[PDB]
$ cat coords30.cif   # mmCIF, C-alpha atoms
data_model
#
loop_
_atom_site.group_PDB
_atom_site.id
_atom_site.type_symbol
_atom_site.label_atom_id
_atom_site.label_comp_id
_atom_site.auth_asym_id
_atom_site.auth_seq_id
_atom_site.Cartn_x
_atom_site.Cartn_y
_atom_site.Cartn_z
ATOM 1 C CA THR Z 1 -14.737 -6.765 -8.086
ATOM 2 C CA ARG Z 2 -15.969 -3.311 -7.033
ATOM 3 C CA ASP Z 3 -14.245 -3.633 -3.656
ATOM 4 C CA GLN Z 4 -11.289 -1.339 -3.590
ATOM 5 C CA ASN Z 5 -10.763 -1.189 0.214
ATOM 6 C CA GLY Z 6 -7.249 -1.379 1.509
ATOM 7 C CA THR Z 7 -3.884 0.240 1.832
ATOM 8 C CA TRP Z 8 -2.278 0.421 -1.618
ATOM 9 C CA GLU Z 9 1.423 1.028 -2.193
ATOM 10 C CA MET Z 10 2.526 2.582 -5.492
ATOM 11 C CA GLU Z 11 4.641 0.367 -7.803
ATOM 12 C CA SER Z 12 4.669 2.601 -10.816
ATOM 13 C CA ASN Z 13 3.653 6.148 -11.857
ATOM 14 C CA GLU Z 14 4.026 6.425 -15.659
ATOM 15 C CA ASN Z 15 3.898 9.972 -17.127
ATOM 16 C CA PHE Z 16 2.955 11.724 -13.850
ATOM 17 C CA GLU Z 17 5.121 14.592 -15.262
ATOM 18 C CA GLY Z 18 2.951 14.984 -18.390
ATOM 19 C CA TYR Z 19 -0.234 14.977 -16.364
ATOM 20 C CA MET Z 20 1.196 17.496 -13.815
ATOM 21 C CA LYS Z 21 2.383 19.700 -16.715
ATOM 22 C CA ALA Z 22 -1.098 19.597 -18.240
ATOM 23 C CA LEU Z 23 -2.384 20.917 -14.842
ATOM 24 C CA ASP Z 24 0.177 23.760 -14.937
ATOM 25 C CA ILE Z 25 1.946 22.594 -11.814
ATOM 26 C CA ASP Z 26 5.245 24.448 -11.329
ATOM 27 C CA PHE Z 27 8.605 22.739 -12.030
ATOM 28 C CA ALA Z 28 9.784 22.914 -8.376
ATOM 29 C CA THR Z 29 6.779 20.802 -7.303
ATOM 30 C CA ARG Z 30 6.879 18.421 -10.264
ATOM 31 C CA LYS Z 31 10.559 17.659 -9.667
ATOM 32 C CA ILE Z 32 9.756 16.326 -6.200
ATOM 33 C CA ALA Z 33 6.425 14.747 -7.045
ATOM 34 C CA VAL Z 34 7.653 12.654 -9.913
ATOM 35 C CA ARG Z 35 9.871 10.523 -7.638
ATOM 36 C CA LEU Z 36 7.550 10.009 -4.655
ATOM 37 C CA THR Z 37 6.078 6.562 -3.822
ATOM 38 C CA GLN Z 38 2.450 7.197 -2.904
ATOM 39 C CA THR Z 39 0.436 5.057 -0.416
ATOM 40 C CA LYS Z 40 -3.313 5.302 -0.878
ATOM 41 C CA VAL Z 41 -5.698 4.261 1.918
ATOM 42 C CA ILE Z 42 -9.267 3.539 0.700
ATOM 43 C CA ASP Z 43 -12.087 2.992 3.254
ATOM 44 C CA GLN Z 44 -15.072 1.993 1.183
ATOM 45 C CA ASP Z 45 -18.548 1.225 2.510
ATOM 46 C CA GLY Z 46 -20.786 0.309 -0.357
ATOM 47 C CA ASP Z 47 -20.789 3.278 -2.673
ATOM 48 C CA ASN Z 48 -19.175 5.594 -0.104
ATOM 49 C CA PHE Z 49 -15.398 6.105 -0.478
ATOM 50 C CA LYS Z 50 -13.060 7.831 1.989
ATOM 51 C CA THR Z 51 -9.490 8.095 0.725
ATOM 52 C CA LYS Z 52 -6.196 9.659 1.779
ATOM 53 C CA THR Z 53 -2.810 9.515 0.078
ATOM 54 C CA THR Z 54 0.593 9.962 1.726
ATOM 55 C CA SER Z 55 4.142 9.776 0.443
ATOM 56 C CA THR Z 56 7.539 9.490 2.127
ATOM 57 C CA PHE Z 57 9.783 12.349 1.189
ATOM 58 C CA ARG Z 58 13.152 12.636 2.992
ATOM 59 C CA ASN Z 59 15.067 10.919 5.858
ATOM 60 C CA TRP Z 60 17.882 12.574 7.784
ATOM 61 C CA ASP Z 61 20.157 11.428 10.606
ATOM 62 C CA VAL Z 62 21.672 13.520 13.361
ATOM 63 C CA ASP Z 63 23.880 11.884 15.985
ATOM 64 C CA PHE Z 64 25.778 13.610 18.728
ATOM 65 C CA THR Z 65 27.060 13.456 22.250
ATOM 66 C CA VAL Z 66 25.766 16.226 24.610
ATOM 67 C CA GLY Z 67 28.668 18.645 25.272
ATOM 68 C CA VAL Z 68 30.770 17.693 22.255
ATOM 69 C CA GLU Z 69 30.851 20.051 19.303
ATOM 70 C CA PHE Z 70 30.087 18.422 15.938
ATOM 71 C CA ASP Z 71 29.840 19.400 12.312
ATOM 72 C CA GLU Z 72 26.410 19.369 10.807
ATOM 73 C CA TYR Z 73 25.326 19.902 7.219
ATOM 74 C CA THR Z 74 21.725 20.955 7.104
ATOM 75 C CA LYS Z 75 20.834 19.188 3.819
ATOM 76 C CA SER Z 76 17.089 18.754 4.541
ATOM 77 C CA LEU Z 77 16.798 22.527 4.963
ATOM 78 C CA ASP Z 78 19.233 25.160 3.752
ATOM 79 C CA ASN Z 79 22.286 22.942 3.237
ATOM 80 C CA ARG Z 80 24.742 25.053 5.321
ATOM 81 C CA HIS Z 81 27.690 23.962 7.399
ATOM 82 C CA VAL Z 82 27.244 24.691 11.111
ATOM 83 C CA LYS Z 83 29.187 23.702 14.190
ATOM 84 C CA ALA Z 84 26.567 22.428 16.591
ATOM 85 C CA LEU Z 85 26.877 21.936 20.298
ATOM 86 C CA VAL Z 86 24.085 20.588 22.546
ATOM 87 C CA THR Z 87 23.821 20.892 26.331
ATOM 88 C CA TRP Z 88 21.197 20.022 28.968
ATOM 89 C CA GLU Z 89 19.671 23.203 30.364
ATOM 90 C CA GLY Z 90 17.813 21.664 33.233
ATOM 91 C CA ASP Z 91 15.858 18.963 31.498
ATOM 92 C CA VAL Z 92 15.797 20.690 28.207
ATOM 93 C CA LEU Z 93 18.116 19.605 25.360
ATOM 94 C CA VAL Z 94 19.546 22.849 23.902
ATOM 95 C CA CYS Z 95 21.496 23.192 20.687
ATOM 96 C CA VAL Z 96 23.321 26.103 19.130
ATOM 97 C CA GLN Z 97 24.261 25.850 15.450
ATOM 98 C CA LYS Z 98 27.119 28.237 15.071
ATOM 99 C CA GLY Z 99 27.629 29.604 11.520
ATOM 100 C CA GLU Z 100 26.674 32.320 8.977
ATOM 101 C CA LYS Z 101 23.136 32.785 10.381
ATOM 102 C CA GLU Z 102 22.797 34.702 13.649
ATOM 103 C CA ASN Z 103 20.871 33.163 16.608
ATOM 104 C CA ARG Z 104 20.339 29.669 15.169
ATOM 105 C CA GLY Z 105 19.502 26.711 17.328
ATOM 106 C CA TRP Z 106 16.859 24.414 18.801
ATOM 107 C CA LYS Z 107 15.599 23.191 22.185
ATOM 108 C CA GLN Z 108 13.780 19.941 22.882
ATOM 109 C CA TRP Z 109 12.025 18.584 25.991
ATOM 110 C CA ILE Z 110 9.547 15.893 27.102
ATOM 111 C CA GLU Z 111 6.343 16.384 29.124
ATOM 112 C CA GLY Z 112 4.680 12.934 29.533
ATOM 113 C CA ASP Z 113 3.677 11.603 26.143
ATOM 114 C CA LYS Z 114 4.685 14.771 24.296
ATOM 115 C CA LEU Z 115 7.961 16.042 22.851
ATOM 116 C CA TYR Z 116 8.277 19.817 22.306
ATOM 117 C CA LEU Z 117 10.779 21.201 19.848
ATOM 118 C CA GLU Z 118 11.474 24.869 19.373
ATOM 119 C CA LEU Z 119 13.659 25.922 16.460
ATOM 120 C CA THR Z 120 15.132 29.397 16.054
ATOM 121 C CA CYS Z 121 16.888 31.427 13.385
ATOM 122 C CA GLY Z 122 17.338 35.213 13.621
ATOM 123 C CA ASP Z 123 14.058 36.736 14.817
ATOM 124 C CA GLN Z 124 11.926 33.704 13.856
ATOM 125 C CA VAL Z 125 10.859 30.875 16.094
ATOM 126 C CA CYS Z 126 9.067 27.656 15.075
ATOM 127 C CA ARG Z 127 7.337 25.376 17.589
ATOM 128 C CA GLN Z 128 6.717 21.702 16.832
ATOM 129 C CA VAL Z 129 4.935 19.279 19.063
ATOM 130 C CA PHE Z 130 5.170 15.521 18.698
ATOM 131 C CA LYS Z 131 3.227 12.711 20.376
ATOM 132 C CA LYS Z 132 4.696 9.332 21.193
ATOM 133 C CA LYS Z 133 3.557 6.998 18.431
ATOM 134 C CA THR N 1 13.164 13.385 32.723
ATOM 135 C CA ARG N 2 16.074 13.414 30.335
ATOM 136 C CA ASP N 3 14.841 10.210 28.634
ATOM 137 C CA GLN N 4 13.672 11.238 25.146
ATOM 138 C CA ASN N 5 13.817 7.742 23.635
ATOM 139 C CA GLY N 6 11.039 6.884 21.319
ATOM 140 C CA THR N 7 9.236 7.248 18.001
ATOM 141 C CA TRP N 8 7.570 10.647 17.903
ATOM 142 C CA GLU N 9 4.873 11.765 15.469
ATOM 143 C CA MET N 10 4.362 15.457 14.683
ATOM 144 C CA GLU N 11 1.021 16.818 15.774
ATOM 145 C CA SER N 12 1.684 20.544 15.221
ATOM 146 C CA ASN N 13 4.123 22.775 13.447
ATOM 147 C CA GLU N 14 3.801 26.508 14.060
ATOM 148 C CA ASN N 15 5.665 29.133 12.061
ATOM 149 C CA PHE N 16 7.684 26.608 10.051
ATOM 150 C CA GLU N 17 7.274 29.053 7.143
ATOM 151 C CA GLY N 18 8.869 31.934 9.153
ATOM 152 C CA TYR N 19 11.730 29.721 10.271
ATOM 153 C CA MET N 20 12.366 28.591 6.690
ATOM 154 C CA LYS N 21 12.164 32.101 5.346
ATOM 155 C CA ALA N 22 14.771 33.152 7.943
ATOM 156 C CA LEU N 23 16.963 30.295 6.638
ATOM 157 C CA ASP N 24 16.580 31.812 3.128
ATOM 158 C CA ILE N 25 14.795 28.768 1.739
ATOM 159 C CA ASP N 26 13.101 29.815 -1.577
ATOM 160 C CA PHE N 27 9.273 30.412 -1.752
ATOM 161 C CA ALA N 28 8.592 27.404 -3.990
ATOM 162 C CA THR N 29 10.280 25.035 -1.501
ATOM 163 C CA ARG N 30 8.394 26.608 1.461
ATOM 164 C CA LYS N 31 5.003 26.133 -0.217
ATOM 165 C CA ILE N 32 5.887 22.451 -0.626
ATOM 166 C CA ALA N 33 7.892 21.987 2.659
ATOM 167 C CA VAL N 34 5.158 23.541 4.679
ATOM 168 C CA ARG N 35 2.965 20.504 3.459
ATOM 169 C CA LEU N 36 5.122 17.817 5.267
ATOM 170 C CA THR N 37 4.618 15.958 8.538
ATOM 171 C CA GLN N 38 7.521 14.422 10.454
ATOM 172 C CA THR N 39 8.264 11.340 12.551
ATOM 173 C CA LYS N 40 11.368 11.511 14.724
ATOM 174 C CA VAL N 41 12.988 8.344 16.069
ATOM 175 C CA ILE N 42 15.351 8.978 19.008
ATOM 176 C CA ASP N 43 17.719 6.289 20.209
ATOM 177 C CA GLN N 44 19.331 7.671 23.370
ATOM 178 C CA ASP N 45 21.892 6.100 25.675
ATOM 179 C CA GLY N 46 22.728 8.642 28.429
ATOM 180 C CA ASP N 47 24.231 11.605 26.598
ATOM 181 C CA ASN N 48 24.689 9.748 23.322
ATOM 182 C CA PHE N 49 21.899 10.473 20.786
ATOM 183 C CA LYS N 50 21.098 8.963 17.426
ATOM 184 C CA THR N 51 18.069 10.558 15.755
ATOM 185 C CA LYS N 52 16.458 9.678 12.409
ATOM 186 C CA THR N 53 13.747 12.103 11.193
ATOM 187 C CA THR N 54 11.505 11.294 8.285
ATOM 188 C CA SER N 55 9.318 13.689 6.398
ATOM 189 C CA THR N 56 6.010 12.618 4.804
ATOM 190 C CA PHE N 57 3.557 14.361 2.533
ATOM 191 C CA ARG N 58 -0.109 13.799 3.587
ATOM 192 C CA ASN N 59 -2.869 15.023 1.227
ATOM 193 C CA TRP N 60 -6.356 16.046 2.417
ATOM 194 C CA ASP N 61 -8.807 13.239 3.028
ATOM 195 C CA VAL N 62 -11.681 13.015 0.502
ATOM 196 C CA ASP N 63 -15.197 11.592 1.033
ATOM 197 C CA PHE N 64 -17.352 10.951 -2.018
ATOM 198 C CA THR N 65 -20.328 8.823 -2.882
ATOM 199 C CA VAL N 66 -20.768 7.110 -6.242
ATOM 200 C CA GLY N 67 -23.253 9.126 -8.265
ATOM 201 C CA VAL N 68 -23.193 12.338 -6.175
ATOM 202 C CA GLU N 69 -21.448 15.173 -7.940
ATOM 203 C CA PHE N 70 -19.456 17.279 -5.457
ATOM 204 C CA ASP N 71 -16.991 20.186 -5.292
ATOM 205 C CA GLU N 72 -13.447 18.824 -4.984
ATOM 206 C CA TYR N 73 -10.580 21.261 -4.237
ATOM 207 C CA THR N 74 -7.419 19.687 -5.590
ATOM 208 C CA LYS N 75 -5.163 20.823 -2.720
ATOM 209 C CA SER N 76 -2.382 18.254 -3.370
ATOM 210 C CA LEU N 77 -2.062 19.055 -7.038
ATOM 211 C CA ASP N 78 -3.137 22.276 -8.897
ATOM 212 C CA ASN N 79 -5.355 23.874 -6.207
ATOM 213 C CA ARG N 80 -8.385 24.202 -8.435
ATOM 214 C CA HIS N 81 -12.097 23.612 -7.700
ATOM 215 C CA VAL N 82 -13.568 20.939 -9.917
ATOM 216 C CA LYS N 83 -17.060 19.403 -9.909
ATOM 217 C CA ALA N 84 -16.229 15.705 -9.582
ATOM 218 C CA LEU N 85 -18.721 12.956 -10.436
ATOM 219 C CA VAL N 86 -17.757 9.346 -9.898
ATOM 220 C CA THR N 87 -19.843 6.465 -11.367
ATOM 221 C CA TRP N 88 -19.342 2.778 -11.973
ATOM 222 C CA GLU N 89 -18.769 1.626 -15.544
ATOM 223 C CA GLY N 90 -18.786 -2.135 -14.982
ATOM 224 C CA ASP N 91 -16.199 -2.652 -12.301
ATOM 225 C CA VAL N 92 -14.306 0.563 -13.265
ATOM 226 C CA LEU N 93 -14.762 3.557 -11.008
ATOM 227 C CA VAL N 94 -14.892 6.537 -13.454
ATOM 228 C CA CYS N 95 -14.563 10.161 -12.441
ATOM 229 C CA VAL N 96 -15.069 13.247 -14.621
ATOM 230 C CA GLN N 97 -13.768 16.414 -13.007
ATOM 231 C CA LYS N 98 -15.619 19.337 -14.648
ATOM 232 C CA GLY N 99 -13.777 22.658 -14.459
ATOM 233 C CA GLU N 100 -11.274 24.763 -16.351
ATOM 234 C CA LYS N 101 -9.383 21.818 -17.855
ATOM 235 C CA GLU N 102 -10.916 19.827 -20.676
ATOM 236 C CA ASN N 103 -10.939 16.008 -20.630
ATOM 237 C CA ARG N 104 -9.902 15.881 -16.983
ATOM 238 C CA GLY N 105 -10.839 12.796 -14.928
ATOM 239 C CA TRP N 106 -9.570 9.450 -13.764
ATOM 240 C CA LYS N 107 -10.507 5.809 -13.776
ATOM 241 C CA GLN N 108 -9.663 3.371 -10.999
ATOM 242 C CA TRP N 109 -10.119 -0.431 -11.055
ATOM 243 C CA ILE N 110 -8.886 -3.693 -9.535
ATOM 244 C CA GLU N 111 -7.163 -6.129 -12.020
ATOM 245 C CA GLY N 112 -5.680 -9.306 -10.708
ATOM 246 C CA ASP N 113 -4.528 -8.340 -7.267
ATOM 247 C CA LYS N 114 -3.489 -4.741 -8.085
ATOM 248 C CA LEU N 115 -5.269 -1.365 -8.149
ATOM 249 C CA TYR N 116 -4.867 0.657 -11.368
ATOM 250 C CA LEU N 117 -5.475 4.424 -11.470
ATOM 251 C CA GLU N 118 -5.449 6.217 -14.816
ATOM 252 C CA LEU N 119 -5.482 9.996 -14.539
ATOM 253 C CA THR N 120 -6.277 12.115 -17.669
ATOM 254 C CA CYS N 121 -6.001 15.797 -18.412
ATOM 255 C CA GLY N 122 -6.225 16.927 -22.103
ATOM 256 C CA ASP N 123 -4.045 14.564 -24.120
ATOM 257 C CA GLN N 124 -1.987 13.505 -21.181
ATOM 258 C CA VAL N 125 -2.556 10.238 -19.304
ATOM 259 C CA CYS N 126 -0.700 9.119 -16.210
ATOM 260 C CA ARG N 127 -0.965 5.387 -15.296
ATOM 261 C CA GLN N 128 -0.366 4.411 -11.642
ATOM 262 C CA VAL N 129 -0.362 0.812 -10.367
ATOM 263 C CA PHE N 130 -0.454 -0.054 -6.649
ATOM 264 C CA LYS N 131 -0.048 -3.362 -4.800
ATOM 265 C CA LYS N 132 -2.120 -4.237 -1.841
ATOM 266 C CA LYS N 133 -0.485 -3.996 1.602
#

$ encode --input "coords30.cif" --output "structure tokens"
Amino acid sequence: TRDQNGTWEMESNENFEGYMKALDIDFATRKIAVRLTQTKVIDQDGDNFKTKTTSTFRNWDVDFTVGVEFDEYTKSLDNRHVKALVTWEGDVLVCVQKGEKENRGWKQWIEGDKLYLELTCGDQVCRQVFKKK
Amino acid sequence: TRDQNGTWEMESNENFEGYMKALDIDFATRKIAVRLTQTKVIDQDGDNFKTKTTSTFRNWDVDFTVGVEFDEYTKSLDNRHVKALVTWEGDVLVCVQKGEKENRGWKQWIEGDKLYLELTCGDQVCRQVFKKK
């Protein structure tokens, strides 16, 4: 068959390292890439192909009660120990991660179908916006 | 509303690189980590939160037509321009990617119920096998 439409989930990836090394890809990237399970979506119409590939990377859990300090270990980032405390500032969920970095925290709030998340550290601020799935 | 329950899919991420740099995450990691999208699942009961955040790598979509040589920029991988030309050899889709690297290309075919992708660069071959979802 020439019909390759579908969503395809990787079962094996033999010698991806050798191939990546032949393309001169740096060790930091190869070390992650070698382990990832890729999902490839092919939308094929005759001899036209539209593809995209995605791969899960990391999962992390954070659980807390508002107003109760908790220890957090930021493994999916910088892997530091912080003592985090979250409050409601109006309707915004506000967290301060107390530790070796000055001015570190995040704030999160809903406006209809959107969730806004602002993350800070020192003089830098990151803004992420999420849509309900 | 204080109700942030839900599954939330990232639609934008501004200045993640600055935030990471402020956290002292190394350049190599930021070049990678700045390529991730996130889904956040919030399970909230009053002031008690359980959140699970998952990161995903999403590559750039491609569109090609069998027979039509085109400029492919290999954003996911080694960030090179190659002149890719995909043809059918029987029921095997065969691609030669002309560029800096010799013998670089891939072959993709259905066998039984699985999709096989063989990627070559020089003397290195990577063999991926995917199952249909």

$ residues_around --input "coords30.cif" --residues "residue N:100" --least-positions-apart "4" --cutoff "10 Å" --atoms "all atoms listed in the file" --output "JSON, numbers by chain"
{"Z": [23], "N": [80, 81, 82, 104]}

$ closest_atom_pairs --input "coords30.cif" --of "chain Z" --to "chain N" --cutoff "7 Å" --atoms "only C-alpha atoms" --output "tab-separated table"
residue	atom	partner	partner_atom	distance
Z:1	CA	N:91	CA	6.1
Z:2	CA	N:91	CA	5.3
Z:4	CA	N:110	CA	6.8
Z:6	CA	N:132	CA	6.8
Z:7	CA	N:133	CA	5.4
Z:8	CA	N:132	CA	4.7
Z:9	CA	N:130	CA	5.0
Z:10	CA	N:130	CA	4.1
Z:11	CA	N:130	CA	5.2
Z:12	CA	N:129	CA	5.4
Z:13	CA	N:128	CA	4.4
Z:14	CA	N:127	CA	5.1
Z:15	CA	N:126	CA	4.8
Z:16	CA	N:126	CA	5.1
Z:18	CA	N:124	CA	5.9
Z:19	CA	N:124	CA	5.3
Z:22	CA	N:121	CA	6.2
Z:23	CA	N:78	CA	6.1
Z:25	CA	N:78	CA	5.9
Z:28	CA	N:28	CA	6.4
Z:29	CA	N:32	CA	6.9
Z:47	CA	N:66	CA	5.2
Z:48	CA	N:65	CA	4.4
Z:49	CA	N:64	CA	5.4
Z:50	CA	N:63	CA	4.4
Z:51	CA	N:62	CA	5.4
Z:52	CA	N:61	CA	4.6
Z:53	CA	N:59	CA	5.6
Z:54	CA	N:58	CA	4.3
Z:55	CA	N:57	CA	5.1
Z:56	CA	N:56	CA	4.4
Z:57	CA	N:56	CA	5.2
Z:58	CA	N:55	CA	5.2
Z:59	CA	N:54	CA	4.3
Z:60	CA	N:53	CA	5.4
Z:61	CA	N:52	CA	4.5
Z:62	CA	N:51	CA	5.2
Z:63	CA	N:50	CA	4.3
Z:64	CA	N:49	CA	5.4
Z:65	CA	N:48	CA	4.5
Z:66	CA	N:47	CA	5.3
Z:78	CA	N:25	CA	6.1
Z:91	CA	N:2	CA	5.7
Z:110	CA	N:4	CA	6.5
Z:120	CA	N:19	CA	6.7
Z:121	CA	N:22	CA	6.1
Z:122	CA	N:22	CA	6.6
Z:124	CA	N:19	CA	5.4
Z:125	CA	N:19	CA	6.0
Z:126	CA	N:15	CA	4.8
Z:127	CA	N:14	CA	5.1
Z:128	CA	N:13	CA	4.4
Z:129	CA	N:12	CA	5.2
Z:130	CA	N:10	CA	4.1
Z:131	CA	N:9	CA	5.3
Z:132	CA	N:8	CA	4.6
Z:133	CA	N:8	CA	5.4

$ write_last_selection --input "coords30.cif" --atoms "C-alpha atoms" --output "PDB file, keeping the file's coordinate frame"
ATOM      1  CA  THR Z   1     -14.737  -6.765  -8.086  1.00  0.00           C
ATOM      2  CA  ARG Z   2     -15.969  -3.311  -7.033  1.00  0.00           C
ATOM      3  CA  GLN Z   4     -11.289  -1.339  -3.590  1.00  0.00           C
ATOM      4  CA  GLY Z   6      -7.249  -1.379   1.509  1.00  0.00           C
ATOM      5  CA  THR Z   7      -3.884   0.240   1.832  1.00  0.00           C
ATOM      6  CA  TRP Z   8      -2.278   0.421  -1.618  1.00  0.00           C
ATOM      7  CA  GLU Z   9       1.423   1.028  -2.193  1.00  0.00           C
ATOM      8  CA  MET Z  10       2.526   2.582  -5.492  1.00  0.00           C
ATOM      9  CA  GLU Z  11       4.641   0.367  -7.803  1.00  0.00           C
ATOM     10  CA  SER Z  12       4.669   2.601 -10.816  1.00  0.00           C
ATOM     11  CA  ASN Z  13       3.653   6.148 -11.857  1.00  0.00           C
ATOM     12  CA  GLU Z  14       4.026   6.425 -15.659  1.00  0.00           C
ATOM     13  CA  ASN Z  15       3.898   9.972 -17.127  1.00  0.00           C
ATOM     14  CA  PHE Z  16       2.955  11.724 -13.850  1.00  0.00           C
ATOM     15  CA  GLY Z  18       2.951  14.984 -18.390  1.00  0.00           C
ATOM     16  CA  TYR Z  19      -0.234  14.977 -16.364  1.00  0.00           C
ATOM     17  CA  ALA Z  22      -1.098  19.597 -18.240  1.00  0.00           C
ATOM     18  CA  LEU Z  23      -2.384  20.917 -14.842  1.00  0.00           C
ATOM     19  CA  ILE Z  25       1.946  22.594 -11.814  1.00  0.00           C
ATOM     20  CA  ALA Z  28       9.784  22.914  -8.376  1.00  0.00           C
ATOM     21  CA  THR Z  29       6.779  20.802  -7.303  1.00  0.00           C
ATOM     22  CA  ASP Z  47     -20.789   3.278  -2.673  1.00  0.00           C
ATOM     23  CA  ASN Z  48     -19.175   5.594  -0.104  1.00  0.00           C
ATOM     24  CA  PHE Z  49     -15.398   6.105  -0.478  1.00  0.00           C
ATOM     25  CA  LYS Z  50     -13.060   7.831   1.989  1.00  0.00           C
ATOM     26  CA  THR Z  51      -9.490   8.095   0.725  1.00  0.00           C
ATOM     27  CA  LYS Z  52      -6.196   9.659   1.779  1.00  0.00           C
ATOM     28  CA  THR Z  53      -2.810   9.515   0.078  1.00  0.00           C
ATOM     29  CA  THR Z  54       0.593   9.962   1.726  1.00  0.00           C
ATOM     30  CA  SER Z  55       4.142   9.776   0.443  1.00  0.00           C
ATOM     31  CA  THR Z  56       7.539   9.490   2.127  1.00  0.00           C
ATOM     32  CA  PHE Z  57       9.783  12.349   1.189  1.00  0.00           C
ATOM     33  CA  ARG Z  58      13.152  12.636   2.992  1.00  0.00           C
ATOM     34  CA  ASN Z  59      15.067  10.919   5.858  1.00  0.00           C
ATOM     35  CA  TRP Z  60      17.882  12.574   7.784  1.00  0.00           C
ATOM     36  CA  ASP Z  61      20.157  11.428  10.606  1.00  0.00           C
ATOM     37  CA  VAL Z  62      21.672  13.520  13.361  1.00  0.00           C
ATOM     38  CA  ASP Z  63      23.880  11.884  15.985  1.00  0.00           C
ATOM     39  CA  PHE Z  64      25.778  13.610  18.728  1.00  0.00           C
ATOM     40  CA  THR Z  65      27.060  13.456  22.250  1.00  0.00           C
ATOM     41  CA  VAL Z  66      25.766  16.226  24.610  1.00  0.00           C
ATOM     42  CA  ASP Z  78      19.233  25.160   3.752  1.00  0.00           C
ATOM     43  CA  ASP Z  91      15.858  18.963  31.498  1.00  0.00           C
ATOM     44  CA  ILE Z 110       9.547  15.893  27.102  1.00  0.00           C
ATOM     45  CA  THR Z 120      15.132  29.397  16.054  1.00  0.00           C
ATOM     46  CA  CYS Z 121      16.888  31.427  13.385  1.00  0.00           C
ATOM     47  CA  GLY Z 122      17.338  35.213  13.621  1.00  0.00           C
ATOM     48  CA  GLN Z 124      11.926  33.704  13.856  1.00  0.00           C
ATOM     49  CA  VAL Z 125      10.859  30.875  16.094  1.00  0.00           C
ATOM     50  CA  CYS Z 126       9.067  27.656  15.075  1.00  0.00           C
ATOM     51  CA  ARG Z 127       7.337  25.376  17.589  1.00  0.00           C
ATOM     52  CA  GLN Z 128       6.717  21.702  16.832  1.00  0.00           C
ATOM     53  CA  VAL Z 129       4.935  19.279  19.063  1.00  0.00           C
ATOM     54  CA  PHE Z 130       5.170  15.521  18.698  1.00  0.00           C
ATOM     55  CA  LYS Z 131       3.227  12.711  20.376  1.00  0.00           C
ATOM     56  CA  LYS Z 132       4.696   9.332  21.193  1.00  0.00           C
ATOM     57  CA  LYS Z 133       3.557   6.998  18.431  1.00  0.00           C
TER      58      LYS Z 133
END

$ residues_near_point --input "coords30.cif" --point "(-12.6, 6.2, -17.2)" --cutoff "7 Å" --atoms "only C-alpha atoms" --output "ChimeraX atom specification"
/N:94-95,106-107

$ atom_distance --input "coords30.cif" --atom1 "atom CA of residue N:83" --atom2 "atom CA of residue N:105"
10.4 Å

$ calpha_fit_rmsd --input "coords30.cif" --fixed "chain N" --moving "chain Z"
4.2 Å

$ atom_distance --input "coords30.cif" --atom1 "atom CA of residue Z:75" --atom2 "atom CA of residue Z:98"
15.7 Å

$ atom_distance --input "coords30.cif" --atom1 "atom CA of residue Z:85" --atom2 "atom CA of residue Z:69"
4.5 Å
